[PDB]
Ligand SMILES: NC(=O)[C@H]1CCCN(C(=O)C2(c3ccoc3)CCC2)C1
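The chain that follows stands alone, in the form solved without the named molecule, written as structure tokens.
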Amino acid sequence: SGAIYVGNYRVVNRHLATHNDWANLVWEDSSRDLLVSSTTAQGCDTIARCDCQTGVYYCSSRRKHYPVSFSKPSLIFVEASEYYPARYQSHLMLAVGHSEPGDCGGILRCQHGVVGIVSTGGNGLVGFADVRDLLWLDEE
């Protein structure tokens, strides 16, 4: 679990969205595993606007932050997970590192702020849902 809190937006894994997130829906995309909902209190997070391929992500299943190199956001085939089938996911960035299903929502951050959240795992890779293309998170 985990979320990005930017302005009055809450960014979560679409597969972990609550009834409240769906009841207060701003934007969702099953092919990115991303859902954004509206918040009452404003958020502490800034969004990276950058093409950085180095950063640090939180791994809840290790209680650790790991510096990683990661691929640019792409359309990637992902093997079946306990929360999704074997399928293509878009705007996905891969690095070498530990990602279990409960790691989804852990933040990946660079020198420019929040890059994305853990979305995929297994075979010693960790996939992140990029949010740096979502410029609209930075206003309204």
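C-alpha atoms forming the largest set that superposes within 1.5 Å between two forms make up the rigid core. Residue indices: 1-based, along the sequence shown.
Enquirer: Quick one: higher average CA temperature factor, 98 to 106 or 39 to 47?
Expert: On average, C-alpha B-factors are higher across 39 to 47.
Enquirer: Which is higher on average in the deposited entry, the C-alpha temperature factors of 55 to 63 or of 68 to 76?
Expert: That would be 68 to 76.
Enquirer: Which one, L92, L34, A86, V115, has the peak C-alpha temperature factor per the PDB entry?
Expert: Result of the comparison over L92, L34, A86, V115: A86.
Enquirer: Quick check on the deposited entry: does the C-alpha B-factor of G127 sit in the lowest, middle or highest third of its chain?
Expert: Lowest third.
One more form of this protein exists, namely the form solved in complex with the named molecule; it is left out here, but the text below deals with it.
Enquirer: Is it open or blocked here: the named molecule placed from its pose in the deposited complex by C-alpha superposition, 2.4 Å cut-off to backbone or C-beta atoms, 3 or more ligand atoms needed to block?
Expert: Judged by the transferred pose of the named molecule in the deposited complex, this form is blocked (3 or more ligand atoms within 2.4 Å of backbone or C-beta).
Enquirer: Report whether the minimum heavy atom distance between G43 and the named molecule in the deposited complex is within 4.5 Å.
Expert: Answer no; every heavy atom of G43 is more than 4.5 Å from the named molecule in the deposited complex.
Enquirer: Taking the named molecule as it sits in the deposited complex, is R87 near enough to touch it, meaning that at least one heavy atom pair lies within 4.5 angstroms?
Expert: Within the cut-off, so yes.
Enquirer: Quick one: name the residues from 62 to 88 with any non-hydrogen atom within 4.5 angstroms of the named molecule in the deposited complex.
Expert: Stretch hits, in order: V78, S81, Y83, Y84, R87.
Enquirer: Go through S81, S90, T39, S60 and flag the only one whose CA is off by 2 Å or more between this form and the one not shown, rigid core held fixed.
Expert: The only residue crossing the 2 Å threshold is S81.
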